[PDB]
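The chain that follows stands alone, in the form deposited in one PDB entry, written as structure tokens.
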């Protein structure tokens, strides 16, 4: 459980790094947290949060393996699973650039696997946005945990609840299909206006009426009209092959 046990291969983002465990060569990543400027109170909060990450064990949640303290650089390293497919944000950006919509099959995989991730989070009782959803090398979808930005996915009620998570999932799935979020605007007040009206374009026609129907239900203005996790998973669209596979 020391940094020396691992070799940094290179930096993914800014710090998050792809690393290799020396003992068996296993590829992982770690996230660097400089706690050198924190108070004792903040470090305590950090410790409890990290111990709670360690408890989450689910195929559709990014696996956290270890925590490493290097008192020399006052740096904490959270070691986690490597997701070779990167994040959903990049996938959506790629789709726009190459002017190519994503397969309905892929959207169904994300819907299925993220719904299961949410079901697990709710049972244990993480913002649902494309940058916080990762793809491994086997078509599996994993939920991670990362002012200026526009709050595209904020639910009507949250702007005034497990059904709020369903709204957010709805926005994410809509954006995967349309390559844009269901409500866009240049200011938050304008955005809020659009959200309260609850109107949006149908996802593109290449997608089935069945898929459009469920995403639209998730975007209902009334939280109680949005489908539950259980009701989503009962949908005839969702099949075994859309779930995770080792």
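Positions refer to the first chain, counted from 1. Definition used throughout: the rigid core is the maximal C-alpha set that superposes within 1.5 Å between two forms.
As for the form deposited in another entry, it is not shown, yet the points below apply to it.
- Core-superposed comparison between this form and the one not shown: the CA of residue 204 stays below a 2 Å shift.
- Relative to the superposed rigid core, residue 70 undergoes a CA displacement of at least 2 Å between this form and the one not shown.
- In the core-superposed comparison between this form and the one not shown, residue 153 has its Cα shifted by at least 2 Å.
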